[PDB]
Amino acid sequence: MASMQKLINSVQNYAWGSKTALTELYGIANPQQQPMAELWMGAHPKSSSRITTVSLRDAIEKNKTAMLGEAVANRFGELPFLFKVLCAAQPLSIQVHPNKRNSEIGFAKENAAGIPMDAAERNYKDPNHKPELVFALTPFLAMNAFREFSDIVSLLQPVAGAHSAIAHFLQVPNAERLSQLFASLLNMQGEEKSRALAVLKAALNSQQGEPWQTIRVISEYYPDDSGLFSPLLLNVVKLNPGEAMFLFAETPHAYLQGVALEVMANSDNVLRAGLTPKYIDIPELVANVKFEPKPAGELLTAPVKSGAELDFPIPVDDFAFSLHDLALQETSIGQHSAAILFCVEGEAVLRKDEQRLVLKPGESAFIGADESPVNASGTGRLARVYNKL
């Protein structure tokens with residue numbers, strides 16, 4: 001193993017992935033025009049990155065302290081982050097990540113039931129909650145958290161007659177009635193559901209702009225989904241490149257279009273909340289959602305610039321994320337932990353003593369804790385996932 005290891009990374013060819021994005025952005029080969037949904041950078045047991053070839057997982061397993069650093073070897077016992085490029089060419093499902101206590105419970109329920117971790121029925125893979133950070137690489141359309149009540153009221157007007165639960169909320173717009181509204185919409189069946197959707201679709205022809213536009217787009221993929229009402233309840237966000245959001249527990253969100261970097265745990269817990277053909281346990285979902293608005297001005301995470309470094313402070317010990325402006329003069333990039341460095345744009349030259357490693361856009365390198373620091377020079381920006389402990 002050299003000081004700096006250029007990663008060979010997995011691309012997950014999920015059907016919702018873009019056939020072109022990784023190629024357009026990074027020159028990643030795709031002669032067969034497969035959907036390319038996620039590019040994984042990390043040591044996940046199902047699909048670890050490789051180094052020159054051996055599994056990064058396997059390499060770390062053989063000297064955790066040297067590779068991870070003492071702090072991470074102590075606190076986590078494994079690489080504590082998975083770093084992805086996500087390319088959403090179709091709108092994805094609305095999801096909720098349960099809080100710590102409910103995660104402990106769900107994890108235990110599933111273990112007690114003997115559900116394999118890998119089963120498609122398995123919803124809880126960690127007895128904990130860790131936030132997730134999403135950072136836009138191209139303009140990125142998403143939903144995140146409930147709108148202020150007055151916003152929801154205004155948006156539900158044109159569809160007040162779609163369902164009695166909508167009328168009920170409008171009569172007294174509060175958290176309790178929002179919860180009831182959310183549950184009622186998800187539980188609509190048969191003609192009740194079709195009538196509600198008919199009202200909404202008629203509205204889509206007499207309302208202009210957002211979120212009505214987002215509903216139109218989603219309806220091309222989920223034309224019979226009660227989740228079509230969701231943009232009226234949840235904030236629709238359009239991230240410009242370089243903007244980011246942190247997904248809090250107990251909060252519905254959805255990735256709808258575009259390319260983003262995602263920093264997340266290796267193992268997470270997901271409850272679905274719409275835009276899915278799958279079964280939803282509504283009582284469980286509702287018991288794990290906080291029906292409280294989040295103001296639009298609070299949706300983006302505010303980064304902090306210090307010299308050439310832009311940190312995105314994350315309220316969790318597990319992982320940290322920064323962007324580094326490259327210059328032709330070297331700057332030192334150092335950390336107490338394993339790091340993954342990813343060239344966002346431009347070109348990065350990494351140097352450790354006499355070793356040099358060039359990263360073109362879309363390429364990444366793993367730096368073991370023992371090998372910090374490395375000097376970076378070039379043009380553009382380098383993204384870093386690491387651990388601050």
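All residue numbers in this chain count up from 1 along the given sequence. Every heavy atom of this structure was used, including side-chain atoms; hydrogens, water molecules and symmetry mates were not.
- In this structure, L285 CG and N187 CG are separated by 11.5 Å, a value rounded to the nearest 0.5 Å.
- Counting non-hydrogen atoms of other residues, nucleotides and ligands closer than 6.0 Å to CD of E210 gives a total above 12.
- If you run side-chain contact (heavy atoms from CB on, under 4.5 Å) between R272 and each of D281, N123, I94, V96, only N123 comes through.
- Judged by distance alone, the side chains of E250 and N288 never bring a donor and an acceptor atom under 3.5 Å apart.
- Side chains of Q95 and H253: a donor-acceptor N/O pair is absent below 3.5 angstrom, by distance only.
- Checked by atom type, the side-chain pair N111/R122 shows a donor-acceptor distance below 3.5 Å.
- Annotation: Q257, atom CD; neighbour count of heavy atoms from other residues, nucleotides and ligands within 6.0 Å does not exceed 12.
- With respect to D311, the salt bridge (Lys or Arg N to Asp or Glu O under 4.0 Å) criterion is satisfied by exactly one of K388, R384, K305: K388.
- Taking the six-membered ring where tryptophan is involved, the planes of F149 and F169 are tilted, since the angle between them lies from 30° to 60°.
- Residue-environment remark: NE2 (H44) exceeds the threshold of 12 foreign heavy atoms within 6.0 Å.
- In this structure, CG in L79 is found 6.5 Å from CG in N266, a value given to the nearest 0.5 Å.
- Test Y386, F312, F342 against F321 for ring pair (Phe, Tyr, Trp, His ring centres under 6.0 Å) and you get one pass: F312.
- Between atom CD1 of residue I218 and atom CG of residue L141 there is a gap of 7.0 Å, rounded to the nearest 0.5 Å.
- Contact check on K360 versus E363 returns no salt bridge, with no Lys/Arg side-chain nitrogen under 4.0 Å from an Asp/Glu carboxylate oxygen.
- If you take OG on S93 and CG on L271, they are separated by 12.5 Å, rounding to the nearest 0.5 Å.
- Between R75 and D317, at least one side-chain N (NZ, or NE/NH1/NH2) sits under 4.0 Å from a carboxylate O, which counts as a salt bridge.
- Using a 4.0 Å cut-off between a side-chain N of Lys or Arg and a carboxylate O of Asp or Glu, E191 and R195 do not qualify as a salt bridge.
- Side-chain atoms of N9 and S49 form a donor-acceptor pair, as typed in the model, at a separation below 3.5 Å.
- Note that OG of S372 is 6.5 Å distant from NZ of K352, once rounded to the nearest 0.5 Å.
- No side-chain donor-acceptor contact under 3.5 Å links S377 and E330.
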